[PDB]
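Counting from 1, one number per residue, gives the positions in the sequence shown under the entry's author numbering.
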Amino acid sequence: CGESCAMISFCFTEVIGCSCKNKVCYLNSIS
Numbered sequence: 001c002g003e004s005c006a007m008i009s010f011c012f013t014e015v016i017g018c019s020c021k022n023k024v025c026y027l028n029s030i031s
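Okay, structure coming up:
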């Protein structure tokens, strides 16, 4: 999703569908 939850375990793009995983925000294995 081109975003990282390295600081906070909450991504901006998480709200639209993405999800925080191992510090990186992914959506169905998509960055």
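Even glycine gets a Cβ: it sits at the ideal position worked out from N, Cα and C.
In this structure, the CA atom of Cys25 is about 9 Å from the CA atom of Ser9.
Shortest Cα-Cα distance from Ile30 to any of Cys18, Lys23 and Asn22 involves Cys18. Residue state for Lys21 is assigned as strand, using DSSP reduced to three classes. Residue pairing for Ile30: DSSP places it in a beta bridge opposite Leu27.
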